[PDB]
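Structure data follow from final_12.cif (mmCIF, C-alpha atoms):
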```
data_my_file
loop_
_atom_site.label_atom_id
_atom_site.label_comp_id
_atom_site.auth_asym_id
_atom_site.auth_seq_id
_atom_site.Cartn_x
_atom_site.Cartn_y
_atom_site.Cartn_z
CA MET A 1 24.61 9.31 16.48
CA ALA A 2 24.61 8.96 12.69
CA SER A 3 23.70 12.63 12.24
CA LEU A 4 27.15 13.59 13.52
CA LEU A 5 29.21 11.72 10.95
CA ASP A 6 32.71 13.18 11.37
CA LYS A 7 33.28 16.64 12.82
CA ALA A 8 34.12 18.75 9.79
CA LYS A 9 33.77 22.48 9.17
CA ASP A 10 33.58 23.70 5.56
CA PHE A 11 29.99 24.97 5.54
CA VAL A 12 28.64 23.92 8.91
CA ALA A 13 29.05 24.89 12.55
CA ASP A 14 25.53 25.29 13.89
CA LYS A 15 23.82 25.23 10.49
CA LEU A 16 22.77 21.86 9.05
CA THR A 17 23.28 18.46 10.65
CA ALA A 18 21.42 15.74 8.75
CA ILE A 19 18.21 14.87 6.92
CA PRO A 20 14.60 14.77 8.28
CA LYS A 21 13.24 11.18 8.42
CA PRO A 22 9.94 10.98 6.37
CA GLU A 23 11.96 9.84 3.38
CA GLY A 24 11.10 6.46 2.02
CA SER A 25 12.05 3.14 0.53
CA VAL A 26 8.64 1.54 0.61
CA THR A 27 5.63 1.22 -1.68
CA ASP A 28 4.63 -2.38 -2.53
CA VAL A 29 5.47 -5.98 -1.68
CA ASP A 30 4.62 -8.90 -3.94
CA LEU A 31 4.67 -12.39 -2.40
CA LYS A 32 5.34 -15.39 -4.66
CA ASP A 33 7.36 -18.54 -4.43
CA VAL A 34 8.34 -21.18 -1.94
CA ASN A 35 9.12 -24.40 -3.78
CA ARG A 36 9.00 -26.31 -0.49
CA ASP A 37 11.85 -24.74 1.43
CA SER A 38 11.53 -20.98 1.16
CA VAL A 39 8.78 -18.56 0.20
CA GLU A 40 9.88 -15.60 -1.94
CA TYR A 41 8.72 -11.99 -2.07
CA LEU A 42 9.50 -9.26 -4.55
CA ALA A 43 9.49 -5.96 -2.70
CA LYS A 44 8.90 -2.87 -4.74
CA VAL A 45 10.72 -0.08 -3.00
CA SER A 46 10.26 3.61 -3.43
CA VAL A 47 13.18 5.52 -1.96
CA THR A 48 12.47 9.15 -1.26
CA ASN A 49 15.67 11.22 -1.20
CA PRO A 50 15.52 14.43 0.94
CA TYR A 51 18.21 16.26 -1.03
CA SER A 52 17.94 17.97 -4.39
CA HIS A 53 20.67 15.77 -5.91
CA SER A 54 20.73 12.21 -7.22
CA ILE A 55 22.48 10.34 -4.41
CA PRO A 56 24.85 7.49 -5.25
CA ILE A 57 24.38 4.45 -3.04
CA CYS A 58 22.08 3.27 -0.28
CA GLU A 59 21.32 0.49 2.14
CA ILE A 60 18.05 -1.33 2.30
CA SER A 61 17.89 -3.16 5.58
CA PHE A 62 14.58 -4.92 5.74
CA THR A 63 13.00 -6.82 8.52
CA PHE A 64 9.67 -8.26 7.53
CA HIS A 65 7.12 -9.67 9.97
CA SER A 66 3.77 -11.22 9.17
CA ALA A 67 1.50 -12.23 12.06
CA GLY A 68 3.65 -10.76 14.78
CA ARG A 69 6.67 -12.98 14.70
CA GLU A 70 8.65 -12.24 11.55
CA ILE A 71 8.87 -12.98 7.86
CA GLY A 72 12.55 -12.47 7.16
CA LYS A 73 15.29 -9.85 7.14
CA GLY A 74 18.54 -8.75 5.53
CA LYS A 75 20.80 -5.85 4.66
CA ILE A 76 21.91 -4.92 1.16
CA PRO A 77 23.94 -1.94 -0.08
CA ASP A 78 22.22 -0.95 -3.33
CA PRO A 79 23.00 1.88 -5.81
CA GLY A 80 20.14 4.11 -4.73
CA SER A 81 21.26 6.92 -6.96
CA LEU A 82 18.08 8.76 -7.93
CA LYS A 83 16.05 11.85 -8.77
CA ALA A 84 16.38 14.80 -6.41
CA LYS A 85 14.38 15.44 -3.23
CA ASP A 86 11.79 13.04 -4.63
CA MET A 87 10.79 9.38 -4.82
CA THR A 88 12.51 6.70 -6.88
CA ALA A 89 11.55 3.07 -7.47
CA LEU A 90 13.94 0.39 -6.19
CA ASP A 91 13.83 -3.41 -5.86
CA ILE A 92 14.35 -6.03 -3.16
CA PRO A 93 15.03 -9.76 -4.00
CA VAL A 94 12.59 -12.33 -2.51
CA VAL A 95 13.00 -13.36 1.15
CA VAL A 96 10.62 -15.25 3.40
CA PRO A 97 11.79 -18.63 4.77
CA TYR A 98 8.96 -21.16 4.56
CA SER A 99 9.37 -21.99 8.26
CA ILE A 100 8.27 -18.47 9.22
CA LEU A 101 5.16 -18.26 7.03
CA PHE A 102 4.64 -21.75 8.34
CA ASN A 103 4.10 -20.32 11.82
CA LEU A 104 2.09 -17.20 10.97
CA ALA A 105 -0.07 -18.66 8.15
CA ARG A 106 -0.60 -21.60 10.42
CA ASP A 107 -2.23 -19.41 13.06
CA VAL A 108 -3.63 -16.49 11.10
CA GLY A 109 -4.13 -18.55 7.95
CA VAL A 110 -6.05 -20.77 10.30
CA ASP A 111 -8.25 -17.75 9.70
CA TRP A 112 -6.95 -16.80 6.20
CA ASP A 113 -5.90 -13.13 6.05
CA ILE A 114 -2.58 -12.06 7.60
CA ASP A 115 -0.73 -8.74 7.93
CA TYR A 116 2.81 -8.17 6.72
CA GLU A 117 5.04 -5.54 8.20
CA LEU A 118 8.23 -4.19 6.78
CA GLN A 119 10.80 -2.72 9.07
CA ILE A 120 13.19 -1.09 6.68
CA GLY A 121 16.27 0.79 7.81
CA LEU A 122 17.07 3.52 5.34
CA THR A 123 20.74 4.14 5.01
CA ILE A 124 21.47 6.49 2.15
CA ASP A 125 24.80 7.99 1.17
CA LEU A 126 24.01 11.68 1.14
CA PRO A 127 25.94 14.94 0.69
CA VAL A 128 24.47 16.21 3.98
CA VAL A 129 25.50 13.54 6.50
CA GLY A 130 27.55 11.55 4.04
CA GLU A 131 25.20 8.76 5.04
CA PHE A 132 22.25 8.48 7.40
CA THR A 133 20.08 5.69 8.78
CA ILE A 134 16.39 6.23 9.52
CA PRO A 135 13.90 3.36 9.75
CA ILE A 136 10.34 3.12 8.47
CA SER A 137 7.58 0.50 8.29
CA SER A 138 4.99 -0.80 5.87
CA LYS A 139 2.35 -3.26 6.98
CA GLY A 140 -0.23 -4.75 4.63
CA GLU A 141 -2.96 -7.33 5.09
CA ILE A 142 -3.67 -9.59 2.11
CA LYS A 143 -4.68 -13.16 1.34
CA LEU A 144 -2.04 -15.72 2.33
CA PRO A 145 0.37 -17.21 -0.31
CA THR A 146 -0.57 -19.79 -2.92
CA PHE A 147 -1.35 -22.98 -1.05
CA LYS A 148 -3.20 -26.25 -0.61
CA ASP A 149 -1.38 -27.95 2.22
CA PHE A 150 1.44 -25.47 2.69
CA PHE A 151 -0.04 -22.53 4.59
#
```
Could you take the file, read its structure, and then write that structure out as structure tokens?
Amino acid sequence: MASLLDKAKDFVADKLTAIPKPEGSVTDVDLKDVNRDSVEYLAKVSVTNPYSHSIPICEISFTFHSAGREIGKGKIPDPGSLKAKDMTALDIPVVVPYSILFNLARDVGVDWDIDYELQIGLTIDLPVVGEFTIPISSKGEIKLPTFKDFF
């Protein structure tokens, strides 16, 4: 388990182990482009660090789903050095292959409004566990992407 990253002593023994879990990397997701091959989404992240010190580096591992299939996924080590036991804004590129939206917006855009779920694994390099991975989710229903005969 990630909470037992190396058996060291120093300060610990039965005191301390790792961080809680309700610590974030979510806040907003802005869908945009596609061209004709791949739709793009700019994800505004808000990473909440559970330790009173600006951490150095993190991992945003995102698995997005729309209808109930997927939207896209990926893992990126990003310098999530930040405030201190608080929430910091972070950024994700733009990833949703047109083929996927093609399926979901096909069916639910057959209606019009679809949901979008983020499954984001939060790996953050911390002083407590040295690094820890806890996942979290952010679903949001909004009008489907810009279209005409794309879906």
Point out the residue among A:144, A:18, A:94, A:136 with the least atom-to-atom distance to residue 48 of chain A, counting only C-alpha atoms. A:136
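Picked by the PyMOL selection byres ((chain A and resi 66) around 6) from the coordinates shown: residues 65, 67, 68, 70, 71, 115, 116 and 117 of chain A.
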Which residues, named as in the file, does the PyMOL selection byres ((chain A and resi 6) around 12) pick out? Answer as a list in words. residues 1, 2, 3, 4, 5, 7, 8, 9, 12, 17, 18, 128, 129, 130 and 131 of chain A
Please evaluate the PyMOL selection byres ((chain A and resi 79-84) around 7) against the structure above and give the resulting residues as a PDB file with C-alpha atoms, in the frame of the given file.
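Contents of part00.pdb, freshly written:
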```pdb
ATOM      1  CA  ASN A  49      15.670  11.220  -1.200  1.00  0.00           C
ATOM      2  CA  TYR A  51      18.210  16.260  -1.030  1.00  0.00           C
ATOM      3  CA  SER A  52      17.940  17.970  -4.390  1.00  0.00           C
ATOM      4  CA  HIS A  53      20.670  15.770  -5.910  1.00  0.00           C
ATOM      5  CA  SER A  54      20.730  12.210  -7.220  1.00  0.00           C
ATOM      6  CA  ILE A  55      22.480  10.340  -4.410  1.00  0.00           C
ATOM      7  CA  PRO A  56      24.850   7.490  -5.250  1.00  0.00           C
ATOM      8  CA  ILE A  57      24.380   4.450  -3.040  1.00  0.00           C
ATOM      9  CA  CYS A  58      22.080   3.270  -0.280  1.00  0.00           C
ATOM     10  CA  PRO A  77      23.940  -1.940  -0.080  1.00  0.00           C
ATOM     11  CA  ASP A  78      22.220  -0.950  -3.330  1.00  0.00           C
ATOM     12  CA  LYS A  85      14.380  15.440  -3.230  1.00  0.00           C
ATOM     13  CA  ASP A  86      11.790  13.040  -4.630  1.00  0.00           C
ATOM     14  CA  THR A  88      12.510   6.700  -6.880  1.00  0.00           C
TER      15      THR A  88
END
```
Closest of A:90, A:110, A:142, A:124 to residue 42 of chain A - atom-to-atom distances counting all atoms listed in the file: A:90
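Non-sequential neighbours of residue 21 of chain A (distance at most 9 Å, separation of 6 or more positions within a chain, all atoms listed in the file) are residues 50, 133, 134, 135 and 136 of chain A.
Separating atom CA of residue 72 of chain A from atom CA of residue 95 of chain A is a distance of 6.1 Å.
In terms of minimum interatomic distance to residue 44 of chain A, A:138 ranks closest within A:99, A:138, A:146, A:123, counting all atoms listed in the file.
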Using Å and a single decimal, report how far atom CA of residue 25 of chain A sits from atom CA of residue 98 of chain A. 24.8 Å
Residues at most 6 Å from residue 118 of chain A, counting all atoms listed in the file, excluding those fewer than 4 positions away in the same chain, as a PyMOL selection string? chain A and resi 63-64+137-139
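Put simply, atom CA of residue 59 of chain A is 17.6 Å away from atom CA of residue 28 of chain A.
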